[PDB]
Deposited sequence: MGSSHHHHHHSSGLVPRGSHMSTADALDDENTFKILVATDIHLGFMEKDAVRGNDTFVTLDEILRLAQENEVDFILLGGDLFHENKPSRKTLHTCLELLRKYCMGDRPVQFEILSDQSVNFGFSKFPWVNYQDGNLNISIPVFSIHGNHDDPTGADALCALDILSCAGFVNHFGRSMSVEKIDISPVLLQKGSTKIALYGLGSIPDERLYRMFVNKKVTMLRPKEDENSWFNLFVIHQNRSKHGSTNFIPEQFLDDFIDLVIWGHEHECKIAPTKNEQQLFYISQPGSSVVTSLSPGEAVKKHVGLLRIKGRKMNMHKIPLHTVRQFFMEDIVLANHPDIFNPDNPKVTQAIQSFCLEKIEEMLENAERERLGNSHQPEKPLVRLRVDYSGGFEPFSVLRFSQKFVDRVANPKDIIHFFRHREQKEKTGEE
């Protein structure tokens, strides 16, 4: 009734299909989480799915990856209900289209310089948009969607090496074409796959660089979940940074609970509900600074390397237990948690072998080898 003027969109990024495909424990992770994401898409009778990059972990997906994926899309993206919106732009029923950009992982490759998405696109399940051609200047054109009276101008930028893109912005070469008919009638949506934090001098892209006419920015390269839209104080658009749906690196950010988004756009206004992903392997992480507690740990003490070591076993022992606790209400979560302990030995301390650790936890952790880390 009123919903016929509202876009319902499932928003996800960095699904990383096929990540650690061959590993015995973790190898089915991404395929299950993808099942959840598509299932959510279907339950919420979403208008279309919108992905921010890195759908595939490898730019040349294994037959297995690519087939599992197609099977899943076949399962959840087809159905009785007709697509309820239309593309005003150029170029067995499909009921849930998928719009995606390419990341740095699923980037273009091969003799034809295609992308995994392009295979998907070929099968009929995906609309690859956002891929830039030009060398000298980047002109971004919008896919124009329209549902009832409300109109989305969907802008994309498939992953580009940050150094280049920074340079391009600085030299005023990145320009965003606004629609011909009635610039102001459109909700301006922008999906990008780039570095948001600081890495080098130019190894990121400052939020300020993006045209202020943009309404919502889906920022997709960063794996840490920040899916709840937050306003940028200089430009005033919202930035949503959905997580990834797998942990591909044991970092503070990646420990934040993974979510997908349910995004509604009516007229030129939007709202973002977050949905938690239940099938994601848990990842608990804690820091331990030794220099912070002289009472418990003594710098010069030949039995201190043994006293520390004994506390780590306790910290890890409790993390593992808190895990078994949460998994109580969650039957969907895989059984063996990822666990990491970061140890800052600043002062007068020294490392120790992870072997004894690796062994004692072998069957209660999914990363027996990488369970601990040291630094100055």
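Asks: So, counting the deposited sequence from position 1, which segments are absent from the coordinates?
Replies: Model skips 1-26, 118-135, 421-431 of the deposited chain.
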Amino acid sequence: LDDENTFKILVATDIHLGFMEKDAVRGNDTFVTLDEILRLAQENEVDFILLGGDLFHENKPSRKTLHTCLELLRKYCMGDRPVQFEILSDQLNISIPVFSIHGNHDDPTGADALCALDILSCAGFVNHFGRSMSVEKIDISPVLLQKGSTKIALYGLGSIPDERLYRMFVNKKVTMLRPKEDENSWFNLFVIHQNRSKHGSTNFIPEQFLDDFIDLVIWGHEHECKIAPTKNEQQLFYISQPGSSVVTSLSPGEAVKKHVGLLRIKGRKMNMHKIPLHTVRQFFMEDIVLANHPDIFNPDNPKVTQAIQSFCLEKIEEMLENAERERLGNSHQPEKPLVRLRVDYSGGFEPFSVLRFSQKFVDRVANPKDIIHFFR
From here on, numbers count along this sequence of modelled residues.
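Asks: Going by the average Cα B-factor in the PDB entry, point out whether 299-307 or 116-124 comes out higher.
Replies: Mean CA B-factor is higher for 299-307.
Asks: Could you settle it for me: does 258-266 or 193-201 have the higher average Cα B factor in the PDB entry?
Replies: Mean C-alpha B-factor is greater for 193-201.
Asks: In terms of CA temperature factor as recorded, identify the highest of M319, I37, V46, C69.
Replies: Out of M319, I37, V46, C69, the record gives the largest C-alpha B-factor to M319.
Asks: Per the entry, which of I15, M20, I9, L355 tops the list for Cα B factor?
Replies: Across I15, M20, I9, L355, the entry lists the biggest C-alpha B-factor for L355.
Asks: Could you look up the Cα B-factor of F349 in the entry and say which third of the chain it sits in: lowest, middle or highest?
Replies: Highest third, going by the recorded CA B-factors of the chain.
Asks: Classify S100 as lowest, middle or highest third according to the C-alpha B-factor given in the PDB entry, relative to its own chain.
Replies: As the PDB entry reports it, the C-alpha B-factor of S100 lands in the lowest third of its chain.
Asks: Quick check on the deposited entry: does the C-alpha B-factor of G53 sit in the lowest, middle or highest third of its chain?
Replies: It belongs to the lowest third of the chain when residues are ordered by C-alpha B-factor.
Asks: Where does the C-alpha B-factor of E224 rank in its chain, lowest, middle or highest third?
Replies: As the PDB entry reports it, the C-alpha B-factor of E224 lands in the middle third of its chain.
Asks: For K274, does the deposited CA B-factor place it in the lowest, middle or highest third of the chain?
Replies: Within its chain, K274 is a lowest-third residue by C-alpha B-factor, going by the deposited values.
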